[PDB]
Amino acid sequence: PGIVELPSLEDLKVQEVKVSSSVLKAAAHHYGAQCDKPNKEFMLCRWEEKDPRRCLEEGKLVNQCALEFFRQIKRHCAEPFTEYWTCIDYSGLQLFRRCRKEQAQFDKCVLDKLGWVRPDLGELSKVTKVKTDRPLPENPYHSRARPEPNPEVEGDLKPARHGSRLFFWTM
Amino acid sequence: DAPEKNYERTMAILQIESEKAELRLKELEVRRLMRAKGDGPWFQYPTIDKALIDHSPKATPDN
Ligand SMILES: CCCCCCCCCCCCCCCCCC(=O)OC[C@H](COP(=O)([O-])OC[C@H](O)COP(=O)([O-])OC[C@H](COC(=O)CCCCCCCCCCCCCCCCC)OC(=O)CCCCCCCCCCCCCCCCC)OC(=O)CCCCCCCCCCCCCCCCC
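Criteria and thresholds
Note on numbering: residues are counted from 1 along each chain in the order of its written sequence, which can differ from the entry, and residues with no coordinates are hidden. Here the convention is simple: chains get letters from A, ligands get numbers from 1, in the order in which they are written. Part of a larger assembly is shown, with all reported values restricted to the visible chains. Values shown for side chains rest on all heavy atoms present in the structure; no hydrogens or waters enter the calculation. To get an axis, fit a line to the C-alpha atoms, keeping to the stretch in contact for a helix; angles then go from 0 to 180 degrees between the N-to-C directions. The helix and strand labels rest on DSSP assignments: H or I over at least four residues marks a helix, E over at least two residues marks a strand, and numbering proceeds from the N terminus. When describing relative orientation, an angle under 35 degrees is termed roughly parallel and one over 145 degrees roughly antiparallel, while 65 to 115 degrees is termed roughly perpendicular and anything else oblique. Left-handed describes a crossing whose near helix is turned anticlockwise from the far helix through less than a right angle; right-handed describes the clockwise counterpart. Contact between two residues is taken to exist if any of their heavy atoms lie within 4.5 Å; hydrogens are not considered. Side-chain classes follow a simple rule in which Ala, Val, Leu, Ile, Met, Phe, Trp, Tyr, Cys and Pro form the nonpolar group, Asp, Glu, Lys and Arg form the charged group, and the remainder, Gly included, forms the polar group. To form a nonpolar core, buried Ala, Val, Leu, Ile, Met, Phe, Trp, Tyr and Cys residues must be joined to one another through side-chain atoms within 4.5 Å. The buried label applies to any residue whose accessible area, calculated with a 1.4 Å probe on protein chains only, is under 20% of its type's maximum; exposed applies above 50%, and partly exposed to all values in between. Space inside and on the surface of the protein is sampled on a 1 Å grid over the protein atoms alone, with a cavity defined as a set of points where a 1.4 Å probe fits but cannot get out and a pocket as an open set with protein on both sides within 12 Å along at least 5 of 7 lines; lining residues have an atom within 4 Å of a point. Grid points are joined across faces, edges and corners, and a volume is the space filled by probe spheres set on the points. Here the expected span of a helix is defined as 1.5 Å times the quantity of residues minus one. Residue proximity to a molecule or strand is established when one non-hydrogen atom of the residue lies within 4 Å of it. Under the rule applied, a polar contact is a pair of N or O atoms within 3.5 Å (in protein, one hydrogen donor and one hydrogen acceptor; residues adjacent in sequence only if both atoms are side-chain atoms). In what follows, salt bridge is the name for a side-chain nitrogen of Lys or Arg lying within 4 Å of a carboxyl oxygen of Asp or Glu. When two rings of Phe, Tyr or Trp (its six-membered ring) have centres within 6.5 Å they constitute a pair, described as stacked for plane angles under 30 degrees, edge-to-face for angles over 60, and tilted for the intermediate range. Two conditions define a charge sitting above a ring: the NZ of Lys or the CZ of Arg must be within 6 Å of the ring centre, and it must be within 35 degrees of the ring normal.

## Describing the packing of helix α3 (residues 36–49) of chain A against helix α4 (residues 56–76) of chain A
All names here are of chain A.
Argument step 1. One can describe the packing of α3 onto α4 by two numbers: an axis separation of 9 Å at closest approach and a directional angle of 155°. Relative to α4, the element α3 lies roughly antiparallel. Considering only the axes of α3 and α4, their crossing is left-handed. Two secondary-structure elements touch here, α3 through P38, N39, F42 and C45 and α4 through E58, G59, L61, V62 and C65.
Argument step 2. Grouping the constituent residues of the contact of α3 with α4 by class yields six nonpolar, two polar and one charged.

## What to know about the nonpolar core
Residue and element names in this part refer to chain A.
Argument step 1. Ranked by internal contacts, the top residues of the largest apolar core, which has 19 residues, are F69, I73, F81, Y84 and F106.
Argument step 2. Counting only elements with at least two residues in this core, the list comes to α1 (21–26), α4, α5 (78–90) and α6 (100–113).
Argument step 3. At four residues, α4 tops the list of elements feeding residues into this core.

## Some points on empty space enclosed by the protein
All names here are of chain A.
Argument step 1. Under the defined criterion, the tally for this structure stands at one cavity of 30 Å³ or more.
Argument step 2. Size it by volume and the largest cavity reaches roughly 50 Å³.
Argument step 3. Lining of the largest cavity is provided by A26, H29, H30, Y84, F96, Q103, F106, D107 and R118.
Argument step 4. Those elements that place two or more of their residues in the lining of the largest cavity are α2 (28–34) and α6.
Argument step 5. Looking at the lining of the largest cavity, the element that brings in the most residues is α6, giving three residues.
Argument step 6. Within the lining of the largest cavity, the residues separate by chemical class into four nonpolar, three polar and two charged.

## Things to note about α4(A)
Along an α-helix, a turn takes 3.6 residues, which lines up residues three or four apart on a common side.
Residues and elements named next belong to chain A.
Argument step 1. If you check α4, its first and last C-alpha atoms are 31 Å apart, about what 21 residues at 1.5 Å a residue would give, namely 30 Å.
Argument step 2. Residues of α4 that are buried: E58, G59, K60, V62, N63, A66, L67, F69, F70 and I73.
Argument step 3. As for α4, its buried residues are in contact with α1, α2, α3, α5 and α6.

## Here's the deal with the site of the ligand
Residues and elements named next belong to chain A.
Argument step 1. Surveying the vicinity of the ligand reveals the residues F168, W169, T170 and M171.
Argument step 2. Backbone polar atom of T170 to an oxygen atom of the ligand: 2.7 Å apart, as the coordinates give it.
Argument step 3. Across the shell around the ligand, the residue classes tally to three nonpolar, one polar and no charged.

## What about the pattern of salt bridges?
All names here are of chain A.
Argument step 1. What the rule picks out here adds up to 13 salt bridges over all chains.
Argument step 2. A salt bridge links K40 to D36; the shortest N-O distance between them is 3.7 Å. Residue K40 and its partner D36 are located together in helix α3, separated by four residues, close to a single helical turn.
Argument step 3. Look at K40 and you get partly exposed, because its relative accessible area is 28%.
Argument step 4. One salt bridge in this structure joins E49 and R134, with 3.5 Å as the shortest N-O distance. With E49 in helix α3 and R134 in the segment after α6, this residue pair connects regions lying 85 residues apart in the sequence.
Argument step 5. The structure contains a network of salt bridges with shared partners spanning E48, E49 and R134.

## Some words on the packing of aromatic side chains
All names here are of chain A.
Argument step 1. Taken as a whole and judged by the stated rule, the model has six aromatic pairs over all chains.
Argument step 2. Note on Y31 and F69: the rings are 5.6 Å apart at their centroids and 80° apart in plane angle, and the pair reads as edge-to-face. Of this pair, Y31 sits in helix α2 while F69 sits in helix α4, and the two are 38 residues apart along the sequence.
Argument step 3. According to the relative accessible area criterion, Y31 is partly exposed, its value standing at 22%.
Argument step 4. Where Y84 meets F106, the ring centres are 6.0 Å apart and the plane angle is 20°; that geometry is what we call stacked. Of the two residues, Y84 is situated in helix α5 and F106 in helix α6; the sequence distance between them amounts to 22 residues. As far as the burial class goes, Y84 and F106 line up, both buried.
Argument step 5. Three or more aromatic residues joined by ring pairs form one cluster here, namely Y31, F69, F70 and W116.
Argument step 6. Above the plane of the ring of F96 lies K25, whose end atom (NZ or CZ) is 4.6 Å from the centre.

So, in structure tokens, the structure goes:
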């Protein structure tokens with residue numbers, strides 16, 4: 001069959017978010033609140049196109065919007081964020097409940113210096129609507145033509161001509 | 001019976017039996033063509049109902 005089309009290695013170069021998972025988990029709710037729109041544009045494009053190769057640029061926007069998220073933490077609130085993700089980082093399951101006072105200090109410093117409200121219980125799991133300018137994929141499965149069905153039954157049912165027609169039976 | 005009655009009764013019998021014979025030959029040919037091609041209402045062995053397929057957004061996108 002045909003040749004698969006891989007993008008170049010230059011099309012895969014982006015400035016990586018080189019932080020650990022406890023840094024991401026400590027900043028997760030404010031990341032979902034602030035970096036909402038390009039993340040949801042990317043995931044809409046990702047569930048609609050069903051191809052990562054059709055989703056690179058929006059993905060780069062995700063990797064563009066995460067970094068601007070962290071710099072805006074790193075400029076203003078590096079101390080409560082560091083003290084909070086260290087405590088998140090201690091736990092082997094990375095519990096939020098072990099770290100509520102560092103969470104409260106990080107939320108206080110962020111709400112004072114940046115005005116970000118942490119999302120309540122239920123908010124980040126909502127199904128949201130996304131207004132994009134890319135087109136809807138008309139054939140996302142790349143399906144070819146389907147076979148035509150067999151012709152249906154039509155016409156009023158007349159009796160059997162001369163019955164069963166079984167060898168000598170007249171009905 | 002009259003020769004008229006037996007004669008025309010015989011012709012009615014011959015019409016009925018010749019029509020039955022032509023229809024039996026057609027029945028053989030129809031069964032042969034439908035088993036060969038599968039495009040008639042007979043020999044329609046089932047395939048999977050596509051009303052069973054889930055069309056919701058799944059947990060992972062590539063599907
Ligand atoms: C106003 C509203 C009301 C109106 C009412 C109008 C009517 C008023 C009268 C009411 C009564 C009507 C009766 C029914 C209509 C006539 C049917 C008829 O005679 O068909 C002839 C039928 C076909 O001959 P036909 O000349 O081409 O057709 C004449 C009509 O057009 C026949 O018409 P058809 O072409 O439309 O017939 C359709 C088709 C015509 O037939 C065919 O297309 C051919 C296939 C027939 C079957 C062949 C099977 C062969 C292999 C098995 C053989 C078994 C062994 C034989 C018997 C052993 C002893 C029991 O019939 C069948 O296929 C059915 C099978 C035969 C059943 C006949 C009725 C039996 C009822 C009483 C049963 C009593 C026992 C009988 C003996 C058991 C065996 C039947 O003859 C035979 O098949 C030969 C055997 C005789 C059958 C039974 C005769 C009925 C009277 C029996 C009285 C004596 C009983 C003695 C005691 C018990 C036995 C020891």
